[PDB]
Trainee: 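Structure below; questions to follow.
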Protein chains: 2
Amino acid sequence: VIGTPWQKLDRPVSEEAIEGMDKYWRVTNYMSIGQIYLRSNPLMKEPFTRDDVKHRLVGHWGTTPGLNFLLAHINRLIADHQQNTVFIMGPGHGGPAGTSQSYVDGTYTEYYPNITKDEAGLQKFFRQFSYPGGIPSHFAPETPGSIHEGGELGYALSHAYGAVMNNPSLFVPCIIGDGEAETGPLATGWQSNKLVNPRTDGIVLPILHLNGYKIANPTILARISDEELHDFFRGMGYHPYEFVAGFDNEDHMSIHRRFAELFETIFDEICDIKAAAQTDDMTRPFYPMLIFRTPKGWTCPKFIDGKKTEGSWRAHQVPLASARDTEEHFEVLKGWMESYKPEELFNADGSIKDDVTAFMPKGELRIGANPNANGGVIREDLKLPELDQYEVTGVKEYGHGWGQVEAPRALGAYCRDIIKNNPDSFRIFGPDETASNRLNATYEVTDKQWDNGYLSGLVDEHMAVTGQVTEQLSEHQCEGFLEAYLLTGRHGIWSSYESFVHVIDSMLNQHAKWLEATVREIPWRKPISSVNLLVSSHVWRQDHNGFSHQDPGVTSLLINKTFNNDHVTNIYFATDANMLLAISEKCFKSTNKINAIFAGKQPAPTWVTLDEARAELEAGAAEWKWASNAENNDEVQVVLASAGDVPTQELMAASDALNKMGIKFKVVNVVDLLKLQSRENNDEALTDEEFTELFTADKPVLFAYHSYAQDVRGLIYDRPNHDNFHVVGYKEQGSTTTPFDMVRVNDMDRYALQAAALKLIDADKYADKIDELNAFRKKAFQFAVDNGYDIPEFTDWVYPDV
Amino acid sequence: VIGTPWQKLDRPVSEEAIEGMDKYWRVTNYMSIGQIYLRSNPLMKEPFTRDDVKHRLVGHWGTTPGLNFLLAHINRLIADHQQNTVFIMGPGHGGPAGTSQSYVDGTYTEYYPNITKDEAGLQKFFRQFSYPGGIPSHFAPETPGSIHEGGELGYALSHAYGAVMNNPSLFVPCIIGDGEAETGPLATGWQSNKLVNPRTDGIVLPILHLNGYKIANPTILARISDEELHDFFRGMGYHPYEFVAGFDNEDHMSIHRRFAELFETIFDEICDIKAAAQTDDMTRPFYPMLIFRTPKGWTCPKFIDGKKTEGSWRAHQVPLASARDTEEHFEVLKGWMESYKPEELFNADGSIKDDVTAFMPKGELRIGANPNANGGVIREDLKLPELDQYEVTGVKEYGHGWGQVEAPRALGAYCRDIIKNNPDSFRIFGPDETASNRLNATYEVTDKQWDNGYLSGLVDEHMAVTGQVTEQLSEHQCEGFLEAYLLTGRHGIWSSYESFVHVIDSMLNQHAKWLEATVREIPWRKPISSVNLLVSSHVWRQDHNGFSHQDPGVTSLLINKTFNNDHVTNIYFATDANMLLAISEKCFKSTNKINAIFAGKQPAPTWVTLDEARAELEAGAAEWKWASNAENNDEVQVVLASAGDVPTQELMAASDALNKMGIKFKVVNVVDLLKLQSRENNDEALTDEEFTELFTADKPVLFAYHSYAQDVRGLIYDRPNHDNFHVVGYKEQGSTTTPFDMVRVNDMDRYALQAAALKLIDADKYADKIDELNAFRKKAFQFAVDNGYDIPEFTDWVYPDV
Ligand SMILES: CC1=C(CCOP(=O)(O)OP(=O)(O)O)S/C(=C(/O)CO)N1Cc1cnc(C)nc1N
Ligand SMILES: CC1=C(CCOP(=O)(O)OP(=O)(O)O)S/C(=C(/O)CO)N1Cc1cnc(C)nc1N
Ligand SMILES: [Mg+2]
Ligand SMILES: [Mg+2]
Ligand code: NA
C-alpha cells in the first residue's frame, strides 16, 4: 500500500506549506526560463550577458507557469495527505515544468547523477533542455514522473482513467490543455467516469488548464459563457469547481492560500466519494473536476515590443526570441528572471534551499519516484494457464484442414482463464466488439464493467458495476485505457474490426515511439507489458458491412516502426486457432512491444496442431511438408506461400488442384511477417540461408498476402530470389457479397491462385487452363448472383488430408 | 435559390400530412424488411414461403425504423416549408432506410431505370440489397441523397457543419447514432456551432438517435440521467428538446401528431434564429438539438425465442436469422411484414399508392434530387489568379539554390488571391496551424471565422464572426468540414503538421473509398473538388518539438489507395516554392482526388524556376541537367535521386562535393511519387523507357527519400534497374536538436549521402574518404553540442550556381 489513501486533513493548510509552495512556484518558473534561454551562468552571476543566452531559443513558456503552479499544489497535497499520486501533463510541451519538478523532488539527480544539486549541475540542467546531445522539449519517457509525453494532444484523459483502473489507492490529477480539449479523443475522454467504479478503481481529477489560448487562437472552452462551461461538465457527470487567478493585482501568497483551500475542499469531496463507495459501489458519484483559469504565460512580461504577451497566445512558444541578439530583449529577460528573486531560492553553492522543499513529499510518494509512474517496477508475470488444454485437437485426430472452428474463441477461453488466475491485473477492452470478435467466453468469469444506469435483466447481461472487460464505442478510449493500464504495470488485450484499427494509427505511432526511446536509452524505466491487439472481423469476411470495412492496412503503418533493431513492433498472422494460441502466449509473455495479432473470426479450417504452431511461430515462416509434393527444392515448380487465414485456405485449395494436375510445388506458411526482412534490417529475421531454404534459390514464388502486396514487396527487397515473388494482396475491391466473390475480385480466390501459379510456371503451355479457371470464377459469381449463395464446389471443399 | 428558405408554417400540420407520414413510415419499414429478408415475392402473394427468403440474411434492422420515422417527418417538413435540405445518416448501416427514401421519392427509379415502380421493380429492389451483384448494406455513394456513408462512425457532425458553411439557405438535420456519439470525433463535432455564423452559413439540427443501444451494449448517453443529458447539450450551446415514443401503447397516429408539432416548434425556432441573424450576426444563438428517444428495432416482434428484441441491442443486426430454415421463424417474419398492412400501401400492380406520397416534396427539394447531395452538379471551376505573379524569380536572376524562402508563403499569397476571386466558395482549414504552416497571407483578405466570445483587439487579431478560414485544434474537424464542403460543390485546402496527419488516416481511407466507388461506377454522381492537404512542419525540422512530431508515414497509408487505375490519390513533393505553386494549381484544378502536398516551411533554397516546375511536375520525375556533370547515361557513375525539400538540399550539397572529387553522376528530382510505379500498376506512370532514361539501365542509384524507404522500395519492385537503387529514408531517429543533427542520425545529411554514393561506386577505393566523411559528421555533431548551433561549413553552404 503506498501512503494512507483518501485521508482528509481536518486542519487548515499551514502557513509554512503556503510559503514553500510559493518558493516552489518561483524556483520552477525560474528554472523553466533557465532551461529555455540559458547556455551558461544559471544564477546570473556577474557578468551576466547575452553571451549566456542560447543561440537557438526553442521550447514552450506559455503553459509552463500554470503547470508549475499546479505542481506546487499537487506536491503539497501529496505530502499532507500521504496520497499515492501520478499526474498527467496533457500539455506535454510544458516539459520544463516536468523536468523542474523532478529536479526539485530529487529524483532527477538520483536518475542522472551528473545533473547534481548545485551550481555546476544547474548549469548543465539549463543547457541540456531541447539541446543537441541533451534532453527532449516535452515530458518524455526519460523524465521521472512521466507516463504520458503529451506531444500529440488528446489522450490525457484515457491515460488518466486507464491508470486508475483496478488501482483503488491511486489519485490522478489530469492536467488538460484547453486547446487539447478541442480534439476528438479528449472530448470523448471526459465520459470515462461512466466506466470506472469508485470502490475498485482509483480516482481521476480532471483539471482543465483553461489559460484562454492555444498556439495562435483563443480556445472554445475559454470563450463560451461560464454557465455553458459549468453545464457541460455537470452534464458529463462531474461536479465543476472553478478557480480564477492572475488577472488582477491579487498578491501571490493570497492566490496560494485560496487555491489550497479550494483544493482541500475538492479532495475532501474525493475522500467522501471514496468512503461512501465502500458501502454503495453502485451509485455513480459526480466526481469533482477543476476549471483552472489563469493567464497564459502567467508572470512573464505583460507586453513585449508593444504586444500583449502574458494572457495571450503570443506566450505560447518563446517570448523575447531576440534575447541573445539585442540588448533590449536581453534586459527584459534579465528583469524577468530577477522577478523570481533567485537569491532567496538558492544557497551560494547553487543548491535549492531547504525551505523551498521542506513541504515536499518524500520517498516513493514523490511524483518522480512513484512506481506507478514506472510500472515495470511493479509489473509481475501473468500466471498463465497451460496452453495445451485449449488446442484444437481436430487436426491430430482427423487431419490438416479439419473443421469449422471460429479461431478467436480459443483465445476467448484462454483469456477467460487468464482473468480467473489474474483477477485484477488483466483487462479486456473492446469498442462494442468483444462479443462480435468472439472473445465473449471471458464473460464466464467476469462482466463488462458499466457504472451508469441499468434497466432490466432482459437487456443487461454480463455487465456489472465492477468487472475486467471495458467497452465504449471509441478506439481512442480502448487504446488509451490499455496503454496506461500497461504503463502502470498491468496486462491485457483489446480487439478491433481491422479496418477501424486505423482510427488509432497515430496512437500506435506514439506508443511505439515511447517504446523506441525506452529500449534505446532509458534503462531505469523497466519493461512494461505489451499492447496486444486482436485485429479481427477482417477485410475478407465483412458480410454485413462492405467496402468501408475493408482496409487491412494497419500492417503498413506498423512496418514504419521496425528500425534500429528496437524490436518494439510485431505483426502476426494467426493461420488458425492453434497458431492464434501460440502467438497469444508469446504476446502475453512479451514486454515492451506492440503486437498486432491478425485472426479471422469466421468459421474456418484448422491447419496445424498446437505443437506445430509453437515450432512454426518461432521460425516465423515454415514449410508445410505434409502439403508440399516436391522432393526437394530443385524439383519445385512454384513456391505456394501465404500469410492470413483466408489467403491460406485459398492457397491450400489451389495446392490440391495443382497436385491433381501433376504440378510440383512446396507450401510455405508465413506467421511472423517481419522475419521476412533481411538480417541487415532485422537481426532477428530468418538468415539468407533459411530464407533460401524456404523460398528456393530461384523457383517462382506465388505469395498470397492478407493485406496490401506493397508491404511484402518493400520488406523483401534485398532478399535472395525476391525478383521471383509474385505477391497477390488486397486491392480495394469488394462490397457486401458472398465469401467467394470477395476473394474473386481481388484475384485471391483458389482458382485465380491456381491460374497465377500456372502463369508463373509456363504461361504458353497453360493458356487454356488459365482461361478455363478464369471462366470458372465468372460462373461461380453468376451462380452467387442467381442463387443467393456460393457454388457448392467452392463451399463444400475440404483439404484431402481430413 | 432552392425553395423558400427559413419560412414558418403559421398553421397546424394537416391531418392529411399525418396520414401520409404514417403510410411512408409503414411502407419504408416494410420495404426495409423486404430488402433484408426477401429474394422473391415482395408482396407476399400466395404461396408466400420460406423459399422466398434470402439464403444469406445480412443487414441492419435496429436503427432502421427510427430512421424511417425521422425521414417521414423530415420529408413532410421539406414539402410544407419548401426547405432546401440535406440530411446526414450517422448510422449509415441503416442503408435500407436510405434506399427506401430514394425509391419513395422517385429518384431511385430516375437514376436506376431498371428498378421500376411496380411489383417487378420492387422484387428486384428487395433482392439486390447487400447481395452479390447488387448494392451495398450502407448509405453508399450510389444512393441518391447520400453525401455520407456512415460505415466508419464519428463524422456525422463535421460533415453536417461543413455542408452548411457558406450555404446560408441549407438545412441539415444530422441523425447521430447514440453509439456513434461515444466516439472521439463525434464528441468534438458537437462544438462546431462555435465556428459557423447563422447569417452566412446554413443551419444544422443535430438529432440524437437515442435508441438506447449500440451492437451489444446500452449507450452512455441513453443511460445517464435526463438532467445530465440536458445539461450536456445546453453546455455545448444547444437548446435541447426531447421526444420519447414507442415505449407504451400510444397509437402511431398520435405519435406522428406529437412529433410533427414538436418538429414545427423546433423549426420555428430555427426560423427565428435565421431572421434574427440578418440584424444581429454576432450573438451566438442556442441552436436547437433533438434528443429522439425510441426503442431500438421499433415495431419488430417484442420477443423472439424468449429474448427481448424490440428495445434491445439484440435488434441491431438481423432478427429471426432462421427465417429461411424453420417454419417457426418464417411465421414470425410473415406476421411482422403483415403488421404494416402492405395491401393498403401498394396498388395491385405493386406501385406505391398515391396517397402514400401526396405529402412528399417534389423536384429538386426531394432528398434524393437535391443538388447539394450531388455537389459536382453545382460546383464551378475556381477563378484562379495567374500563377506567374507568385514565382520565386531569384532562381532566374541569381541561380539555382538561391535564397532563404519559406515555401508555403508563396502558396499563402496564391490562396489569398483565390479567396479574393472566389469569396464564398474556397475555405482554408487548420488545426490551430494555419499561421504556423505559413498560410497566414490569407488573413490579408479574410478572417478566421470565430462565433464565440471576443475579449480585446490586443489578442483577437484576424478573427471575425464571419470569414473563410476555420481553425479548431482537431484534425477530425478540419478533414470532416472540408470533405462535406467539397461534397456540396465548393473548394479549399487545409494544412497539418505532418506527423499529426495520421490522426485522420482513417478519414482519408473513407473519403478515398468514396472516390473509388464514384469514379468506378456512379457516373450520375458528378466530379467534386479534391481534398487538398498541405503536409508541412515536417519530420526534418521539428525544432521546438522533437520525436513525437517525426512521422512522415501518411505517404505509406496513401500508397494503399492507388489501385485499378482509379487515380483518386496523389502524393506530391514540393521541392521548393516554385514547385509548390505548380503542384497547387494542378491540385486546385483537379477533381475527385485526395492530393497530399508535402512542403517544408523552414527557410530553404529555391531550386527550379516556375516554368521548369510546370514541365517537371508533368513528367513526375526530372533530370536536373544543369546539376548533372555526366555526358550521358553510360558515363554516369551514380544516379543522385531525391524527393522532398530537405533530402534534396542534402543531395545537392553531396553532388557539389562529388563533382569537386571528379565523380560523374546525374541528378534526378522526384515530385510525383506514384509515377515511379510500373505502367502495369499505374497507367499514368513513367513508361519503362522514360524510367530507364532517368535512372539508367544499370548504374547504381542513390535515392534520398523524405519519408520511410519502404515506400520507394515497394513502389519500384518491377521497374528496370530497381536492384541498383539504394533508398535512404527516415528511420525513427531524431529529437529536439539542430537541423544538421536531424539529417545526421538518419544518414540523410550531405556527408553521409556523399559517403553512400562512394560506397555504391567503389567501396574499397573510397574506404578512407568514407571514414573521413563519417568522422566529419561526428565532428559537426560535437560542434553543435559544444556551441549551441551548427558548424558554419554546413549552414553557410550555397549551391555553386548562385
Ligand atoms: C495545436 C498545438 C498546440 C496548442 C495546445 O494548446 P493548449 O491550450 O492545449 O496548451 P497550452 O495553452 O497549455 O500551451 S501545442 C502543439 C505542439 O506541436 C506541441 O506538442 N500543437 C500542434 C498539435 C496538433 N494536433 C495534435 C493532435 N497534437 C498537437 N500537438
Ligand atoms: C460499434 C458499431 C456499431 C454500433 C452503432 O451503434 P449506434 O448506437 O450508433 O447505431 P444504432 O443503434 O442506430 O444501430 S454499428 C458498426 C458497424 O460495423 C456498421 O458500420 N460498429 C463497429 C464500428 C466501430 N468503430 C467505428 C469508428 N465505426 C464502426 N462502424
Ligand atoms: Mg491553452
Ligand atoms: Mg443506437
Ligand atoms: Na530486384
Side-chain angles (χ1 to χ4, degrees), chain A residues 184 188 430-437 471-478 495-504 537 542-550 713 716-725 736, chain B residues 58-67 70 89-95 97 136-140 149-156 175-186 207-222 292-298 311-317 476 506-507 509-510 713 716-725:
Chain A
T188 194
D432 189 28
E433 288 165 17
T434 298
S436 186
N437 291 156
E471 306 221 289
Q472 173 177 349
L473 204 182
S474 173
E475 290 77 5
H476 293 107
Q477 296 278 92
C478 291
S495 72
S496 172
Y497 288 6
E498 160 179 278
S499 53
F500 311 145
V501 166
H502 285 282
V503 174
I504 48 80
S537 292
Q542 272 287 353
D543 303 23
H544 291 76
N545 300 317
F547 200 50
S548 64
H549 292 53
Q550 292 172 196
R713 297 167 188 164
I716 66 174
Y717 77 108
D718 55 358
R719 280 296 214 172
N721 203 23
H722 62 264
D723 290 299
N724 271 312
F725 274 68
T736 294
Chain B
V58 287
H60 294 85
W61 171 246
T63 198
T64 299
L67 299 185
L70 296 165
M89 188 187 299
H93 52 287
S137 51
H138 282 55
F139 196 38
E149 189 176 19
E152 183 174 308
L153 303 176
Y155 321 112
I175 310 173
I176 294 150
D178 60 341
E180 169 170 40
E182 304 183 7
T183 68
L186 198 288
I207 302 177
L208 178 61
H209 186 6
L210 199 63
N211 62 15
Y213 295 95
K214 39 193 190 280
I215 297 176
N217 282 287
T219 60
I220 298 177
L221 296 183
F292 176 69
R293 194 186 297 263
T294 63
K296 197 150 168 172
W298 199 6
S312 173
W313 54 274
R314 285 187 160 99
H316 184 69
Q317 200 161 245
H476 293 107
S506 74
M507 288 187 85
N509 290 346
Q510 304 299 343
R713 297 167 188 164
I716 66 174
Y717 77 108
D718 55 358
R719 280 296 214 172
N721 203 23
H722 62 264
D723 290 299
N724 271 312
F725 274 68

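Here is the naming used below: chain letters follow the sequence lines, and residue numbers restart at 1 for every chain. Every number for a ligand or one of its atoms is a count from 1 in the order of the listing.
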Trainee: Measuring from atom CD of A/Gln550 to atom OG of A/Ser499, what distance do you get when rounded to the nearest 0.5 angstrom?
Mentor: 8.5 Å
Trainee: Please round to the nearest 0.5 Å and tell me the distance separating atom CZ of A/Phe500 and atom CD of A/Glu433.
Mentor: 7.5 Å
Trainee: State yes or no: are the ring centers of A/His544 and B/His316 separated by less than 6.0 Å?
Mentor: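 Not close enough - the centres of the two rings lie 6.0 Å or further apart.
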Trainee: So, with waters excluded, how many protein N/O/S atoms does the Mg ion (ligand 4) have closer than 2.8 Å?
Mentor: 3
Trainee: Taking it one step at a time, do B/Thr294 and B/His209 satisfy side chain to side chain contact (heavy atoms under 4.5 Å, CB included)?
Mentor: CA-CA 8 Å; B/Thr294 63; B/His209 186 6; 4.3 Å; yes
Trainee: Is the shortest side-chain heavy-atom distance between A/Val501 and A/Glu475 below 4.5 Å?
Mentor: no
Trainee: To the nearest 0.5 Å, tell me how far A/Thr736 OG1 sits from B/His138 NE2.
Mentor: 7.5 Å
Trainee: Using a 4.0 Å cut-off on heavy atoms, what residues surround ligand 2? Order them by chain and number.
Mentor: A/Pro431, A/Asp432, A/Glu433, A/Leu473, A/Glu475, A/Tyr497, A/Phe500, A/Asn545, A/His549, B/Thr63, B/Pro91, B/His93, B/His138, B/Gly151, B/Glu152, B/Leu153, B/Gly177, B/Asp178, B/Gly179, B/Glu180, B/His209, B/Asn211, B/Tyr213, B/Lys214, B/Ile215, B/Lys296, B/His316
Trainee: Using side-chain heavy atoms (C-beta onward) and a distance below 4.5 Å, is A/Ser436 in contact with A/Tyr497?
Mentor: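 Yes; the side chains approach each other to less than 4.5 Å.
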Trainee: Identify which protein N/O/S atoms are less than 3.0 Å from the Na ion (ligand 5).
Mentor: A/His722 NE2, A/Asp723 OD1, A/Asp723 OD2, B/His722 NE2, B/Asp723 OD1, B/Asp723 OD2
Trainee: Within the side chain of A/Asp432, is there an N or O that forms a donor-acceptor pair under 3.5 Å with the backbone of B/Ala216?
Mentor: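 Such a contact is found between A/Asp432 side chain and B/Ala216 backbone.
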Trainee: Nearest 0.5 Å, please: how far is CG in A/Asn721 from CD1 in A/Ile716?
Mentor: 8.5 Å
Trainee: Check whether any side-chain N or O of B/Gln510 sits under 3.5 Å from a backbone N or O of A/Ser548 as a donor-acceptor pair, and report yes or no.
Mentor: yes
Trainee: Determine, step by step, whether A/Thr188 and B/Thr183 satisfy the side chain to side chain contact (heavy atoms under 4.5 Å, CB included) criterion, reporting the C-alpha distance in whole Å, the side-chain angles of both residues, the deciding distance to 0.1 Å, and the verdict.
Mentor: CA-CA 6 Å; A/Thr188 194; B/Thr183 68; over 6 Å; no
Trainee: Any side-chain heavy atom of B/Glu182 within less than 4.5 Å of one from B/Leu153?
Mentor: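 SC-SC contact between B/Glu182 and B/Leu153 ruled out.
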Trainee: What residues, two or more places apart in sequence or in another chain, satisfy side chain to side chain contact (heavy atoms under 4.5 Å, CB included) together with A/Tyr717?
Mentor: A/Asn681, B/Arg713
